[PDB]
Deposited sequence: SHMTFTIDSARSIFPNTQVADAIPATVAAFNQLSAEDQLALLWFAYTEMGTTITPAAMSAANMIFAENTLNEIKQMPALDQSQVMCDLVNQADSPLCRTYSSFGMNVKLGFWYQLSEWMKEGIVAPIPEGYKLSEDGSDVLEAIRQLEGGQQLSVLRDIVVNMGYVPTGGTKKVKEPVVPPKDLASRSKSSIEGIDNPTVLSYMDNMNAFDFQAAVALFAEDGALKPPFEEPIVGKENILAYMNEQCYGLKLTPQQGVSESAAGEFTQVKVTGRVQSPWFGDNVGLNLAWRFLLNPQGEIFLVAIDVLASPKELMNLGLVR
């Protein structure tokens, strides 16, 4: 009397999948730096991207939620403005740091975008002119710079959402696309209707229909994060982060797994609404589907290199 799979065990499907281990490795080294090296580093890392980041639409959609905090920061004198940003990057326990944690990912990113423009403008205390990183800061920055552009964005995203204090409810409601404006996924080697439905629903921003594909104890595991377990939790996450994505699943493989479960690996690209033209992250989706065809786990990973797109069969 036992269990074929746990979420823990499920997470080992498809072991020859190389993830971009350098992303969290670099975030971990970033976390050892001083607050002033940290903010300067993000300044340099952010600013480097230039055109790669398309900040305009997402900022606009999300700014209602950050407006009051931002304007409160706007009215502070420079030394208070610096101190608040130091509090966020240090993960201090302040009411502002807690309000920051309650913001949705896209609100957090629009917040920092606004601070980036005001810093440029000198409405917010900028990074001191000619500020120069420590040897350790400099090294984290070169590590970032060695990554593919999408992976650098992953670093930035990871750092941003983990600032402030450690239920994300302050985000906009998601409009699903019109029924007349949706796209049907085609994946080479794969006809699995759960997988195609996951792709199509996610692409249409129909997160009720995507959550409906999961088991009651099913789980969605983002890149470098713990699994999110159960429909209410998965829907909440999808509302926070999955608006505006263009998923391009390209290939995959299906195999039977123990106890009439089915294991499905897909590789492809995502484009975030924050990304430019031709920026995509290469992803794996690794599904474990129970015998009833429902998602017990889907695990999304950023791939180490484009070589991993065709790492499929066994």
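No alpha-carbon coordinates exist for the deposited sequence positions 167 to 171, 320 to 321, given here in order along the chain.
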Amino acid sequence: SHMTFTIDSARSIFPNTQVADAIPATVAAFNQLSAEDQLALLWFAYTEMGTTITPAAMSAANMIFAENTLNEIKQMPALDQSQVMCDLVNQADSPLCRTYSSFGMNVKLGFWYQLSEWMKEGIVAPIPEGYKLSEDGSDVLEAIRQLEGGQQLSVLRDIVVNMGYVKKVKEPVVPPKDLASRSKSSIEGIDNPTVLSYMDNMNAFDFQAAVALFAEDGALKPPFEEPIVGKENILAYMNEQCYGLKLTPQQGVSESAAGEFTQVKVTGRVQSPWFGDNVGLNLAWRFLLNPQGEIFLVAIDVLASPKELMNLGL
From here on, numbers count along this sequence of modelled residues.
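Looking at 124 to 132 and 154 to 162 together, the entry lists the larger mean B-factor for 124 to 132, computed on C-alpha atoms. Remark: stretch with higher mean C-alpha B factor among 45 to 53 and 244 to 252 is 45 to 53. You'll see in the entry that, of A78, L235, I187, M85, the Cα B factor peaks at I187. Of the residues listed, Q146, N203, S116, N239, the entry assigns the biggest Cα temperature factor to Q146. In this PDB entry, the Cα temperature factor of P95 sits in the middle third of its chain's modelled residues. In the PDB entry, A22 places in the highest third of its chain by CA B-factor. Per the PDB record, residue ranking by Cα B-factor puts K231 in the middle third of the chain. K108: CA B factor lies in the lowest third for its chain, per the PDB record. For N278, the recorded CA temperature factor ranks within the highest third of the chain's modelled residues.
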